[PDB]
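Here is the structure we will look at.
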Amino acid sequence: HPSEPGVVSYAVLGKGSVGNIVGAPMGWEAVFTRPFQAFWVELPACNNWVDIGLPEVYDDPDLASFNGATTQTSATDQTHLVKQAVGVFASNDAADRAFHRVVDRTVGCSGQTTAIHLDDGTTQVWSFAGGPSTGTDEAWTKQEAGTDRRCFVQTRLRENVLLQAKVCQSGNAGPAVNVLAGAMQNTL
Amino acid sequence: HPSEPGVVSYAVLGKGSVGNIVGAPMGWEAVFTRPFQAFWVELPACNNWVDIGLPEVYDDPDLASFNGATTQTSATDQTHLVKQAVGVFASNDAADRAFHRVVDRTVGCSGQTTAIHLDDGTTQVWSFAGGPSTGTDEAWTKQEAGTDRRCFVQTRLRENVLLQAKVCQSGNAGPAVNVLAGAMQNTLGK
Amino acid sequence: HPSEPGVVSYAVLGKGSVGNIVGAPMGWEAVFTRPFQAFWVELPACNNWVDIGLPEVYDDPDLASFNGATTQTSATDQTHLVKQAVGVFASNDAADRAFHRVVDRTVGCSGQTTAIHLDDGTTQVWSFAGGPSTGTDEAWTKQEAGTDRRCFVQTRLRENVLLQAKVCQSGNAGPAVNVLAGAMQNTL
Amino acid sequence: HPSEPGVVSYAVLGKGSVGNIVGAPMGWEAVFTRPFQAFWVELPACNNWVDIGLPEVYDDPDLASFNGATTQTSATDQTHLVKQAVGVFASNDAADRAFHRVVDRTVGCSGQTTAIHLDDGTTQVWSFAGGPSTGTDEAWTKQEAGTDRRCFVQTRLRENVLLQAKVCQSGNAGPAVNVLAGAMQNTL
Amino acid sequence: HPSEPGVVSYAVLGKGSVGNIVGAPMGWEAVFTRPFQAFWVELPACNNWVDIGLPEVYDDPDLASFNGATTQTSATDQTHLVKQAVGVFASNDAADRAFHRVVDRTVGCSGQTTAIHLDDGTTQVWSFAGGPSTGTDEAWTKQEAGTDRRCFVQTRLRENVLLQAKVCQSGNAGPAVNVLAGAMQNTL
Amino acid sequence: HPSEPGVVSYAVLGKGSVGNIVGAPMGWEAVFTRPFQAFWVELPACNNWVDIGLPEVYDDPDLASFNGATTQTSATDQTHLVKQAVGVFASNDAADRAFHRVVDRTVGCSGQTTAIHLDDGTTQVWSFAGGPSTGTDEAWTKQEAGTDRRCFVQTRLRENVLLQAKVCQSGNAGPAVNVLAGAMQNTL
Amino acid sequence: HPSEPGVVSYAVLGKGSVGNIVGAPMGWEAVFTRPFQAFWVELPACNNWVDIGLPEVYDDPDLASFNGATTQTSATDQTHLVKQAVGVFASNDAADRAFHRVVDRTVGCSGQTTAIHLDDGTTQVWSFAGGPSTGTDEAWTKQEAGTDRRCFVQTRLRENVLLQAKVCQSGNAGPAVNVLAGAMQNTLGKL
């Protein structure tokens, strides 16, 4: 149905629940109520794969409500970095267009490596690739160059809602992000 | 069935409930037990579309009870501004007249822009536009000039009750206000 | 059935319940356990329509129990003024006579305006107007001359019980006093 | 079936319950565990109608248990004065004899006025009048001369238990004492 | 069935329960875990009727457990004096012998008056009188010479248990001791 | 089903439950998690009958878990002294051998008197006497010389569990220890 | 049904539960969120039998989540020492390879005795001995040379989860480790 705008406040899981999905302690979280982009990427086709909850994707006249949260192991530690973003739109078409602003504008990014200049002044190099995608689903993976750290991301279009879930950690975040995305979707 | 005068105290939702409807934190609220107008508008036709719970609309010898509340993000923040007003009338006709005091007096306001002078001293310019309206429902949307901020409002005439729900925020407050209006209406069965 | 004397203590609703009936905050109440008249009226026919719980009406050798309470918005605020009085009589006849001390002695008060001299020294002017009255019910409404303030009053004779309910406010207290009178009656 | 001695401690109702029966506040009570007489009457036939819980009535070799309580509006207020007395006897005959010590010894007290000299030194004049009396029930009313104050009393013989209930107040205590006597009898 | 040794701790009722049985306030109690005799009697046949929980009766190689408690109105007040004693024996025969140390040794005590010299130095005269006695029950009543104060006692042999209940008061403790003995027996 | 190692922590009853089995106050206890011997005996055949929870009996490479507790009236009172020991073994045979380390090594001890030198420096003389013993049960009773004090003990082999229960008191601890043993066994 | 990564946080039992399994007081515990090896062994074939939750066994690009905890009688007492390690893998194969990294690399450790040099500086000598092992189970027992102290260990492969449970004490920890391994396995029925 037209998921009521109130779902965004429940669809973003707390640090406690995030911890019991990734299977590790998560002591620090920061809730963001407005879409932000705290970077710029050299290869501009990868922009909408770098991070989730981006103005470019979510900012729209028909955006009813938006809520997200960045979760970490501690304030100082990034062993696990999880991010969630949920936007409710007035119409299904408004959400469908926001979903396609991710899939259409990230053609060519798959299999490329580019630099990402953060607002704090730092620079990082990430290798983007893969991502099994249907009409309503778009996944992808970004690997930090010169480490075994990988971020698995899922973007789900469910009627008038656009879910985005990101899980960063060594090994394989694939199973974790899929559970997190599904856990968020259940609140709708 | 007509609602009893008591429903007004339950029909106005708290800041917690309002927060869960809009989908954002709402820390500040202020309950008003008497209809009030804290502004004057340049184009006077738009008067009864500028705000809700107005004495012009609700003050009547057949007003049995009235209750409302303004809710905000914080005391110093208006990212979300929600307002509610519920009035119970002695008769269905008394309420129907109070409803028509909104629809009749706001003809021509649709599609216009006007400045609004607030009691605190500030001035804001809002572009109005009429929404869907049946015999027992009147919805309109007002947009602040220069910004992406919009207030969606719903006025509902339910037997001997007149509901009013306003939700102000960037993007589309259309779904949010409809949930709030419906949530207020459900308590009339109590 | 005949009501037991004990109902008077339950039949007079507290400020919390009175508030929920009128639909406004009621912070101040004062219980009175004895019929009392703290005024005299110029047109003496209006006496028993000025106020409720009057010695003239209730005081009788067959008065078993009596209770009442005046309720206000605050101690210093009269936006809403509610008053209740309940009296249980030894016989149905004794109560029926007490009821007829309200209807018979208030002939010629309907449609009149008279001054009311309060014990505290103040004087007020109220215009009286008789309402619907059956054999077991007597409703009247009094309006303070030069204001939109009106008091709707209901007097109900239920077997051996005499209920009196008053609700004073701007607008229309007609619905509110009917809910109050009914709520007081349900306790019997 | 014949009540156990333990009932006396439950058959005497507290000030809270007594207040709810008379329909007025009762803030002061005083439990007495032994029958006493704190007076003497001029016309000696009226002795056992003056008060309840009297040694003359209850004192018996077959008295199993006894309990009573005087209840008032407050310590300094006698608007309502309620008294209860319950005695359990070893045999039904012991209780029946104790019942007949009230009915037989108060012949020629009905319709008389007499003075009652209290232990504290005071004197009061009361006018007695017999009420409805079966084989197991004896009711009577005493009225204080020169006031509207009347005391309705009920003595009930139930199996091996003798109940006594007194309610003193202006107006009619008749309904109130019958409720009290009935409420006391239920606990058996 | 033969009771377990543990019943003694539940079979002795607290002052609260004893108060509800006699139907009067009981504020003071003292639990004794060992049989004692704090007196000697002139006519020595009456020894085992003077008191309960006596070493002469209960002290046996086959005594598994024992518990008792003396209860009073207060530390200073003896209006009601109640005493309980419960002994569990290894075999039914041991308990039966203990019961017969009460019935056999108290032949010729019935209808006699004798002095009783207490440990504290005081002396008291009591008139004894045997009550109904089957094979498993032995009831007797003792009266303090001069006063209307009587103690009704019951001794009950229930399998491998020996109960003793005493209730002292003016009037008739007969009903009260039977309820107590019955209440103690139910805990088995 | 062969009892899990965990049972030992629940099979040992606390001072509250021990008090309700012996039917007397038990204020002091001390839990021991390791088999100990805090004495030596002159006639060394009686070693495994002197006390329970002995290293000689329980210590074994197939001992899975062990728990026990000594309970007394108070820290300075031994009117009642209760002791419990529970050992779970890896196999039924390991427990069966540990059971026979009691029955085999105590031949000739029955009907003998011997002195027991305690670790605290005291000496006590006890007379031993064997009781009923099947293939899975071994009961004995030791009597402190020159007193009526006796300790009834029960060793029970239940599958892969070896229970030991001791109750010390004047009179007969026989019924008390059989209840305690059974109470410990039910937790398996 | 491949167990979700989250199970690791519930599959590692607390000191209270562990105390009820071994049947003795367990006052001290320390949770470890990452596989770690705080020792080196002289005979290197015994490496993956010395301890549990070892990087060599668990560390893999398909390791989804890992959690474990060491439990003791007290901070200063080791009468009972219990260790648990649970790792969830992205596939059943990734977990099956991690299981075989224990069974394949500990051939010729059975019946041997070797010294073990701990990071804190201490040394301990342990006599190892292989136990019953199926395709999805690998049990072994190690005994501290010169004491009656023995550690029974179970390694269980359950779909995409690798369980490891160690119970150390005098007498026989065989029953206790089977209860603990079983208790940890029951929590894998949780979504």
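Chains as they are written, first to last, in the working numbering: chain B, 136 to 323; chain V, 83 to 272; chain A, 136 to 323; chain C, 136 to 323; chain Y, 136 to 323; chain P, 136 to 323; chain X, 582 to 772. We put the beta carbon where it would ideally sit given N, CA and C, even for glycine.
Item                                                                                                            : Value
Residue burial classification, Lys150(Y) (beta-carbon count within 10 angstroms, cutoff 16)                     : buried
Within-8 Å CB hit, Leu644(X) to chain B                                                                         : yes
Cβ contact check for the region 215-226 of chain P and the region 297-308 of chain P: 3 or more pairs under 8 Å : yes
Rounded straight-line distance, which links the Cα of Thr168(A) to that of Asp283(C)                            : 17 Å
Residues that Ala311(Y) contacts on chain C, provided the C-beta gap is smaller than 9 Å                        : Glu139, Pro140, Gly141, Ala199 and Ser200
Residue-level contact to chain P via CB, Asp231(Y), 8 Å cutoff                                                  : no
8 Å Cβ cutoff met for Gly162(C) and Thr211(C)                                                                   : no
Helix, strand or coil at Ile198(V) [DSSP, three-state]                                                          : strand
Backbone secondary structure at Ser655(X) - three-state DSSP                                                    : coil
Supposed contact pair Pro756(X) and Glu139(P) - C-beta distance, whole angstroms, cut 8 Å                       : 7 Å
Proximity to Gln304(Y) [Cα-Cα], best of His136(Y), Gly141(Y), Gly154(Y) and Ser144(Y)                           : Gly154(Y)
Below-8 Å beta-carbon distance, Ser144(A) vs any chain C residue                                                : yes
Interface flag, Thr322(Y) vs chain P, CB-CB below 8 Å                                                           : no
Opposing strand residues paired with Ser215(V) [DSSP bridges]                                                   : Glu220(V)
Under the three-state DSSP convention, the category residue 332(B) falls into                                   : This structure does not reach residue 332(B), given that chain B is present from 136 up to 323, and the question cannot be answered.
Cβ neighbours of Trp175(A) in the same chain (closer than 6 Å, five flanking residues each side left out)       : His252
Test: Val302(P) CB closer than 8 Å to a CB of chain X                                                           : no
Distance between beta carbons of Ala726(X) and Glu623(X), contact taken as under 8 Å                            : Wrong, their Cβ atoms sit about 13 Å apart, outside the cutoff.
Interface flag, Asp186(P) vs chain X, CB-CB below 8 Å                                                           : no
Within chain P, the residues that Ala225(Y) reaches when beta carbons sit closer than 7 Å                       : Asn307, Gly309 and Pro310
is_contact[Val734(X), chain P] using C-beta, thresh 8 Å                                                         : no
Span of the alpha helix (DSSP H), counted from its first residue to its last, around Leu315(C)                  : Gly309 to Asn321
Residue-level contact to chain P via CB, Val603(X), 8 Å cutoff                                                  : yes
Cutoff 8 Å: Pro160(C) Cβ touching any chain A Cβ                                                                : yes
Opening and closing residue of the beta strand (DSSP E) in which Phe174(B) lies                                 : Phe174 to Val176
Alpha helix (DSSP H) segment containing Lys150(Y), residue limits                                               : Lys150 to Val157
Under the three-state DSSP convention, the category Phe733(X) falls into                                        : strand
Check whether residue 77(P) and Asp197(P) have beta carbons under 8 Å apart                                     : Since the first residue of chain P shown is 136 and the last is 323, residue 77(P) is not available in this structure.
Helix, strand or coil at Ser144(A) according to DSSP, with G and I counted as helix                             : helix
Distance between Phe224(C) and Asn183(Y) (C-alpha atoms, nearest Å)                                             : 29 Å
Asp283(Y): contacting residues in chain C (beta-carbon distance under 9 Å)                                      : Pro196
Min CB distance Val217(A) to chain V below 8 Å                                                                  : no
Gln213(Y) burial status per 10 Å Cβ neighbour count (16 or more: buried)                                        : exposed
Exposure label - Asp255(A); buried when at least 16 CB within 10 Å                                              : exposed
Inter-residue Cα distance where the pair is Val147(C) and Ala204(C)                                             : 7 Å
Beta-carbon proximity check, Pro137(Y) vs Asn202(Y), cutoff 8 Å                                                 : no
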